[PDB]
Protein chains: 2
Amino acid sequence: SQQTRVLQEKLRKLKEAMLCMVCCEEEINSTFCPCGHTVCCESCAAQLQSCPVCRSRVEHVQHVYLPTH
Amino acid sequence: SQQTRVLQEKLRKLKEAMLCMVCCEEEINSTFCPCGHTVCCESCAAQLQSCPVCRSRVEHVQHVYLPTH
Ligand SMILES: [Zn+2]
Ligand SMILES: [Zn+2]
Ligand SMILES: [Zn+2]
Ligand SMILES: [Zn+2]
């Protein structure tokens, strides 16, 4: 039905929100500290000196274990 | 259709996995450091001395901004 297409789109948008904002290929699993933006996979987070959301300096990267992983 | 029911269930299960493991009511937005388990809302994470998943000592709590929020 049309509701199947609407639900497929909601699922797609939610799955895309879980993907790294830089590479768009791997699941987000890393937090920039101290700002707390959690938007990258470990490989892109290792290569950024500034947060790509707020531009604050990255003092270190915290790995995050989420239940949805 | 039955396909619509299947997609509704996937969406529901994903949204339920995003809720605090202690209160089951608020969105997960906090990480226990250094272990990295990200399973609680701010209020439930604030008083735990040890991680509820792995029993490691909680040195501090890092707030996380998640794009799925
Ligand atoms: Zn990446
Ligand atoms: Zn930031
Ligand atoms: Zn809670
Ligand atoms: Zn832990």
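Heavy atoms only: backbone and side chains are in, while hydrogens, waters and symmetry mates are out. Just so it is clear: chains get the letters A, B, ... in the order the sequence lines come, proteins before strands, and each one is counted from 1. One-based numbering, in listed order, for ligands and for the atoms of each.
Checked for salt-bridge contact, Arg12(A) and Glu9(A) meet the test: a charged N lies under 4.0 Å from a carboxylate O.
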For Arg5(A) and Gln2(A), run side-chain hydrogen bond (donor to acceptor under 3.5 Å, both in side chains): C-alpha distance rounded to whole Å, both residues' side-chain angles, the deciding distance at 0.1 Å, then the answer. CA-CA 5 Å; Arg5(A) 180 192 50 81; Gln2(A) 294 299 326; 3.1 Å; yes

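Ring centroids of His37(A) and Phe32(A) are separated by 6.0 Å or more, keeping the two rings apart.
The Zn ion (ligand 3) has no N, O or S atom of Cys40(B) inside 2.8 Å of it. At a threshold of 2.8 Å, the Zn ion (ligand 3) has a backbone or side-chain N, O or S atom of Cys23(B) nearer than that distance.
Angle SG (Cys54(B)) to the Zn ion (ligand 4) to SG (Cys35(B)): 110°, rounded to 10°.
Residue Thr38(A) comes nearest to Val64(A) through the heavy atom pair CG2-CG2, 4.2 Å, listed as atom of the first residue, atom of the second, then distance.
If you look at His37(B) and ask which of its N, O or S atoms sits nearest the Zn ion (ligand 4), the answer is ND1.
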